[PDB]
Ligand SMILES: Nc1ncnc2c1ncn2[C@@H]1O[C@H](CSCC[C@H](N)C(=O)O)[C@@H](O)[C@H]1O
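Here we start with a single chain on its own, the form deposited without the named molecule, put down as structure tokens.
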């Protein structure tokens, strides 16, 4: 049973707290259930690379942002390109509760517009890490912009790259989101600009380290 093993990973390794628990419950009741193991991995990766400045695309109720910001130093910053207006007050409340609201710079609005502004700014090539969880049709655009935005040696992370297994399912034909993911996953395999690892965790997580050239 894969369900019993997934339950065991959560029971035996997730370091939860009432802030994270409440945010997952509140998000579940809105009109995907948050996988806590993924936020915890993101926090570990931030610490492992000694990240100080990170980029996020998606944000939603701010769970990944909260995990990321808690792993940063006090002077650390997250530029959070938020695609959900409806939920900013939720995200803000949990960031304030955790004492990290001052580390998070919210950029609400179209992701393409935000990333174009960032590439055309002093922020280009300064990010230690970028985390992308957004509309799958746009992943190639987000990846290409993250590659310009992160420093050499920086880490790009694309979430949900396994898309409920649809990428592997031969019966899924004519679906724009699945086709876009199949294209970007295939492109990353042979992209000499990065080191790659695709993880099965929480609906797939692709790690791409920008090579120094």
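Positions refer to the first chain, counted from 1.
The same protein also has a form solved in complex with the named molecule, omitted here; what follows describes it.
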Exercise. Taking the pose of the named molecule in the deposited complex and superimposing the surrounding C-alphas onto this chain, would you call the site open or blocked (blocked if 3 or more ligand atoms come within 2.4 Å of backbone or C-beta atoms)?
Worked result: blocked
Seminar exercise, completed: Exactly one listed stretch (168 to 176, 144 to 152, 184 to 192, 55 to 63) reaches within 4.5 angstroms of the named molecule in the deposited complex by non-hydrogen atoms, and it is 55 to 63
For this session: May I ask you to check whether residue 73 falls inside a 4.5 Å heavy atom distance of the named molecule in the deposited complex?
Result: no
For this session: Would you please decide whether residue 105 lies within 4.5 angstroms of the named molecule in the deposited complex, comparing each non-hydrogen atom pair?
Result: no
Problem set entry | Contact label in the deposited complex: residue 109 to the named molecule, heavy atom within 4.5 Å | yes
Exercise. With the cut-off set at 4.5 Å between non-hydrogen atoms, does residue 48 touch the named molecule in the deposited complex?
Worked result: no
Exercise. Counting only heavy atoms and a 4.5 Å cut-off, does the named molecule in the deposited complex sit next to every one of 81, 84 and 87?
Worked result: yes
For this session: Name the single residue among 118, 91, 134, 129 that comes within 4.5 Å of the named molecule in the deposited complex, judging by heavy atoms.
Result: 134
